[PDB]
C-alpha cells in the first residue's frame, strides 16, 4: 500500500486481456505506478515480471493508463520502449523495477491496484 492505493499480485501468469478482467472483477485496475514510490511498492508485491496498466495500443509510442490517461512518470529499462518484432504495446515491470514494453498477447503475472 502507498497512500490510498493497495497493490496485490497474482500467483499465475496470463495475457493482459485476462489480467484486466481479473483486476476489474474486484473493481480495481492493473497497477499503474505514478511515481517512484508506487513503482517500488508494485515491485515488492510482484515476485516476478508483471504487467502494469499502461499501453500504447491506441497510438504507437504514446503510453496511457487503462482509462485513457497519458502517463507522466515512467521508468523504462535502458533501450526501452523498443516495440520490437511485430510490435509490443503492453508494459511489464521487470524484477529490478524498470519497465519493458512487451506483446499484450504474452503472459506475465499481474499486479492489481485498488483505491
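Positions refer to the first chain, counted from 1.
Per-stretch averaging of Cα B factors for 89 to 97 and 6 to 14 places 6 to 14 on top. The deposited model assigns a higher average Cα B-factor to 41 to 49 than to the other stretch when 25 to 33 and 41 to 49 are compared. Looking at the C-alpha B-factors along this chain, the one for residue 78 belongs to the highest third. When the modelled residues of the chain are ordered by C-alpha B-factor, residue 59 sits in the middle third.
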